[PDB]
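Here's the structure, in C-alpha cells; my notes come after.
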Amino acid sequence: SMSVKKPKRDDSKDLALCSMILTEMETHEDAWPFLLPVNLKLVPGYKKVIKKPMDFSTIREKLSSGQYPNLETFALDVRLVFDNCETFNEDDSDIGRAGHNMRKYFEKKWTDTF
Ligand SMILES: O=C(O)c1cccc2c1OCCO2
Ligand SMILES: O=C(O)c1cccc2c1OCCO2
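Residues 1856 to 1969 (the entry's author numbering) make up the sequence shown, in order.
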C-alpha cells in the first residue's frame, strides 16, 4: 500500500529474456502454424470465431516496439496463441498437436527463466 512495498524484483533483463524465449519458439520445428497471422480471408470461420487473433510475428512486433507493459502481458499473448489454437483445431490433428507441444515448451522455458 502507500509507502509500503515488497522488496523490488530486478526487471531490467525481462525485455531481453522474453525476446530470447520468443526466438526459441520461432525456431522450434513445430512453430509453423503460429509464425504468421492466420489469413482471415482464406480461412473460413476464423474471423468470426477467434475474437483476438495472435501469432509469433505480431508478438515480436509488439515486443520490439515497447507494447508490453510487463512480462505478464507478454505471457498472456503467448498463451492466447495456444488457446486460439485449441478453440479452432481438433486435438487429434497436426496443428492441434503442434499447439499442445509449443505450449508445453513455452511454459517450461517460462518457469526456468523467471
Ligand atoms: O506467469 C506470469 O505471468 C509470471 C509473472 C512474473 C514472474 C513469473 C511468472 O510466471 C512464473 C515465473 O515467474
Ligand atoms: O478436439 C477435442 O478434443 C474436442 C474438445 C472439446 C469438444 C470437442 C472436441 O472435438 C470435437 C468437437 O467437440
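Every residue gets a Cβ at the ideal spot worked out from N, C-alpha and C, and that includes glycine.
- Here residue 1961 carries a helix assignment [DSSP, helix/strand/coil].
- With a cut-off of 8 Å on Cβ pairs, the segment 1859-1869 is not in contact with the segment 1902-1914, counting fewer than three such pairs.
- 1870 is the residue among 1881, 1870, 1893 whose C-alpha sits nearest the C-alpha of residue 1920.
- The count of Cβ pairs closer than 8 Å, one atom from the segment 1873-1893 and one from the segment 1942-1959, reaches three, so the stretches are in contact.
- Every residue with a CB closer than 5 Å to a heavy atom of ligand 2 is listed here in chain order: 1945, 1946.
- Between ligand 1 and residue 1969, a heavy atom-to-CB distance of less than 7 Å is present.
- By the criterion of a C-beta distance shorter than 7 Å, residue 1923 is surrounded in its chain by 1917, 1929, once the five residues flanking it on both sides are discounted.
- The shortest CA-to-CA distance from residue 1953 to any of 1965, 1903, 1938 is the one to 1938.
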